[PDB]
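A.B. asks: My structure is stored as start.cif, with mmCIF, C-alpha atoms and all ligand atoms.
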```cif
data_final
#
loop_
_atom_site.group_PDB
_atom_site.id
_atom_site.type_symbol
_atom_site.label_atom_id
_atom_site.label_comp_id
_atom_site.auth_asym_id
_atom_site.auth_seq_id
_atom_site.Cartn_x
_atom_site.Cartn_y
_atom_site.Cartn_z
ATOM 1 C CA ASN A 1 0.000 0.000 0.000
ATOM 2 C CA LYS A 2 2.906 2.422 0.673
ATOM 3 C CA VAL A 3 4.342 1.996 -2.841
ATOM 4 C CA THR A 4 2.106 3.001 -5.763
ATOM 5 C CA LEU A 5 2.852 1.399 -9.131
ATOM 6 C CA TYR A 6 -7.378 -1.288 -25.979
ATOM 7 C CA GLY A 7 -10.989 -0.837 -24.895
ATOM 8 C CA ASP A 8 -9.967 0.804 -21.626
ATOM 9 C CA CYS A 9 -7.762 3.412 -23.307
ATOM 10 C CA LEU A 10 -10.271 3.992 -26.119
ATOM 11 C CA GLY A 11 -12.829 5.163 -23.554
ATOM 12 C CA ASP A 12 -10.135 7.058 -21.631
ATOM 13 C CA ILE A 13 -10.265 10.129 -23.892
ATOM 14 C CA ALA A 14 -12.329 12.008 -21.301
ATOM 15 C CA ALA A 15 -9.666 11.474 -18.642
ATOM 16 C CA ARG A 16 -5.903 11.730 -19.142
ATOM 17 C CA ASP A 17 -3.630 8.777 -18.360
ATOM 18 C CA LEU A 18 0.162 8.512 -18.980
ATOM 19 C CA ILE A 19 -0.192 4.717 -19.496
ATOM 20 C CA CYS A 20 -2.672 5.148 -22.373
ATOM 21 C CA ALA A 21 -0.442 7.732 -24.085
ATOM 22 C CA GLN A 22 2.619 5.498 -23.629
ATOM 23 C CA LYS A 23 0.641 2.614 -25.138
ATOM 24 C CA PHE A 24 -0.457 4.794 -28.072
ATOM 25 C CA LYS A 25 3.176 5.783 -28.718
ATOM 26 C CA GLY A 26 4.163 2.106 -28.875
ATOM 27 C CA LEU A 27 5.773 1.729 -25.400
ATOM 28 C CA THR A 28 3.912 -1.176 -23.613
ATOM 29 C CA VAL A 29 4.707 -2.730 -20.183
ATOM 30 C CA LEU A 30 4.984 -6.506 -20.052
ATOM 31 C CA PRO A 31 3.686 -8.153 -16.858
ATOM 32 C CA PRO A 32 6.108 -10.083 -14.638
ATOM 33 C CA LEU A 33 6.188 -13.867 -14.788
ATOM 34 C CA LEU A 34 5.506 -14.198 -11.048
ATOM 35 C CA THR A 35 2.440 -12.490 -9.609
ATOM 36 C CA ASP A 36 2.344 -10.937 -6.146
ATOM 37 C CA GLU A 37 0.480 -14.008 -4.845
ATOM 38 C CA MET A 38 3.425 -16.201 -5.976
ATOM 39 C CA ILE A 39 6.259 -13.915 -4.684
ATOM 40 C CA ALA A 40 4.231 -13.957 -1.387
ATOM 41 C CA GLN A 41 4.003 -17.786 -1.398
ATOM 42 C CA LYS B 1 -16.950 7.440 -36.525
ATOM 43 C CA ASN B 2 -15.800 4.383 -34.455
ATOM 44 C CA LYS B 3 -13.867 2.943 -37.480
ATOM 45 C CA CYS B 4 -10.258 3.139 -38.811
ATOM 46 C CA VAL B 5 -10.130 5.654 -41.711
ATOM 47 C CA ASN B 6 -7.324 7.343 -43.717
ATOM 48 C CA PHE B 7 -8.520 10.824 -42.656
ATOM 49 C CA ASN B 8 -7.743 14.121 -44.462
ATOM 50 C CA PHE B 9 -9.277 16.879 -42.271
ATOM 51 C CA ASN B 10 -8.262 20.318 -43.673
ATOM 52 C CA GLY B 11 -5.161 18.770 -45.328
ATOM 53 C CA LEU B 12 -4.067 16.821 -42.206
ATOM 54 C CA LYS B 13 -3.445 13.203 -43.355
ATOM 55 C CA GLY B 14 -3.758 10.468 -40.687
ATOM 56 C CA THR B 15 -4.844 6.859 -39.992
ATOM 57 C CA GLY B 16 -6.970 6.486 -36.825
ATOM 58 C CA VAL B 17 -10.380 5.760 -35.222
ATOM 59 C CA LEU B 18 -12.464 8.987 -34.895
ATOM 60 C CA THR B 19 -14.995 9.410 -32.017
ATOM 61 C CA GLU B 20 -17.064 12.302 -30.534
ATOM 62 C CA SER B 21 -14.879 14.491 -28.246
ATOM 63 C CA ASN B 22 -15.869 15.877 -24.797
ATOM 64 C CA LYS B 23 -13.053 18.472 -25.256
ATOM 65 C CA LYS B 24 -14.373 21.974 -26.125
ATOM 66 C CA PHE B 25 -12.386 24.051 -28.668
ATOM 67 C CA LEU B 26 -12.398 27.896 -28.624
ATOM 68 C CA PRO B 27 -13.226 29.450 -32.071
ATOM 69 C CA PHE B 28 -9.518 30.117 -32.894
ATOM 70 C CA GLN B 29 -8.641 26.467 -31.995
ATOM 71 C CA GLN B 30 -9.158 23.978 -34.898
ATOM 72 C CA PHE B 31 -6.785 21.157 -33.783
ATOM 73 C CA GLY B 32 -5.808 19.567 -30.431
ATOM 74 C CA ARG B 33 -2.200 18.455 -29.758
ATOM 75 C CA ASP B 34 -0.995 15.921 -27.116
ATOM 76 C CA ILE B 35 2.388 15.869 -25.240
ATOM 77 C CA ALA B 36 4.066 14.314 -28.337
ATOM 78 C CA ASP B 37 2.612 17.171 -30.507
ATOM 79 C CA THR B 38 0.505 14.691 -32.542
ATOM 80 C CA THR B 39 -3.064 15.852 -33.290
ATOM 81 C CA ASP B 40 -5.388 14.091 -30.784
ATOM 82 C CA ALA B 41 -8.602 15.974 -31.709
ATOM 83 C CA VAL B 42 -9.692 17.756 -34.948
ATOM 84 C CA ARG B 43 -12.766 20.010 -35.330
ATOM 85 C CA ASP B 44 -14.547 18.818 -38.526
ATOM 86 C CA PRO B 45 -14.536 21.647 -41.148
ATOM 87 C CA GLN B 46 -17.974 20.883 -42.727
ATOM 88 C CA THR B 47 -19.655 20.368 -39.306
ATOM 89 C CA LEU B 48 -18.061 22.278 -36.387
HETATM 90 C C1 LIG C 101 -21.952 22.374 -44.080
HETATM 91 O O1 LIG C 101 -22.969 21.627 -44.805
HETATM 92 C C2 LIG C 101 -23.645 20.617 -44.035
HETATM 93 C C3 LIG C 101 -24.603 19.922 -44.974
HETATM 94 O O2 LIG C 101 -25.623 20.805 -45.421
HETATM 95 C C4 LIG C 101 -24.341 21.260 -42.836
HETATM 96 O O3 LIG C 101 -24.940 20.245 -42.040
HETATM 97 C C5 LIG C 101 -23.336 22.052 -42.005
HETATM 98 O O4 LIG C 101 -24.006 22.730 -40.948
HETATM 99 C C6 LIG C 101 -22.588 23.070 -42.870
HETATM 100 N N1 LIG C 101 -21.585 23.767 -42.082
HETATM 101 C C7 LIG C 101 -21.372 25.085 -42.167
HETATM 102 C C8 LIG C 101 -20.295 25.635 -41.281
HETATM 103 O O5 LIG C 101 -22.021 25.800 -42.925
#
```
As C-alpha cells, please, write out the structure in this file.
C.D. replies:
Amino acid sequence: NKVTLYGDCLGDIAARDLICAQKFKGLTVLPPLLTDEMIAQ
Amino acid sequence: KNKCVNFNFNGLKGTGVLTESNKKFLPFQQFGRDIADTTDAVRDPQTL
C-alpha cells in the first residue's frame, strides 16, 4: 500500500492517463512472470 | 466514426479511429495536440 505502481484506453479520452499515451506511442509494459500471490508464497 | 479511416481533415493526413470528443475548442482552436505534438482531436470543417 505504501508503494504506488485497448478498450480501456479507447474510452479514456475524457480522462488523461500517462499509461494510455505510452501505449499509443508504442511503449507497452509486459507483466512479470511471477504475480504478487506467488512472490508472497 | 468508431472505425479506422485514412482521414484528411483540412489537409491533415492520418490513420486512426475517430470518435465524438468531450473536449471543447475555442473558435480560434481547430486542432488539439498531445504531449508528443501529434493531433489528438480535430474540429470537422464541414460540421463544427
Ligand atoms: C456544411 O454543410 C452541411 C450539410 O448541409 C451542414 O450540415 C453544415 O451545418 C454546414 N456547415 C457550415 C459551417 O455551414
A.B. asks: Neighbours of ligand LIG 101 (chain C) within 8 Å, counting all atoms listed in the file, as a ChimeraX atom specification?
C.D. replies: /B:45-48
A.B. asks: Let me know the residues the PyMOL selection byres (((chain B and resi 16) around 7) and not hetatm) catches in the file above, as a PDB file with C-alpha atoms, in the frame of the given file.
C.D. replies:
```pdb
ATOM      1  CA  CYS B   4     -10.258   3.139 -38.811  1.00  0.00           C
ATOM      2  CA  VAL B   5     -10.130   5.654 -41.711  1.00  0.00           C
ATOM      3  CA  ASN B   6      -7.324   7.343 -43.717  1.00  0.00           C
ATOM      4  CA  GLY B  14      -3.758  10.468 -40.687  1.00  0.00           C
ATOM      5  CA  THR B  15      -4.844   6.859 -39.992  1.00  0.00           C
ATOM      6  CA  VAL B  17     -10.380   5.760 -35.222  1.00  0.00           C
ATOM      7  CA  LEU B  18     -12.464   8.987 -34.895  1.00  0.00           C
TER       8      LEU B  18
END
```
A.B. asks: Apply the PyMOL selection byres ((chain A) within 9 of (chain B)) to the structure shown and report the selected residues as a tab-separated table (two decimals) with C-alpha atoms, in the coordinates of the input.
C.D. replies:
```
chain	number	residue	atom	x	y	z
A	13	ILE	CA	-10.26	10.13	-23.89
A	14	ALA	CA	-12.33	12.01	-21.30
A	21	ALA	CA	-0.44	7.73	-24.08
A	25	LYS	CA	3.18	5.78	-28.72
```
A.B. asks: If I wrap all listed atoms of stretch 1-12 of chain A in a box with edges along x, y and z and add 6 Å on each side, what are its centre and edge lengths in Å to one decimal, as lines of an AutoDock Vina configuration file?
C.D. replies:
```
center_x = -4.2
center_y = 2.9
center_z = -12.7
size_x = 29.2
size_y = 20.3
size_z = 38.8
```
A.B. asks: Quote the spacing between atom CA of residue B:42 and atom CA of residue B:26 in Å to one decimal place.
C.D. replies: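 Pair atom CA of residue B:42 / atom CA of residue B:26 returns 12.3 Å.
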A.B. asks: Suppose you want the space between atom CA of residue B:29 and atom CA of residue A:9; what is it in Å?
C.D. replies: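 Spanning atom CA of residue B:29 to atom CA of residue A:9 is a straight-line distance of 24.7 Å.
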A.B. asks: Can you measure atom CA of residue A:31 to atom CA of residue B:3 for me? One decimal in Å is fine.
C.D. replies: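 Separation of atom CA of residue A:31 and atom CA of residue B:3: 29.3 Å.
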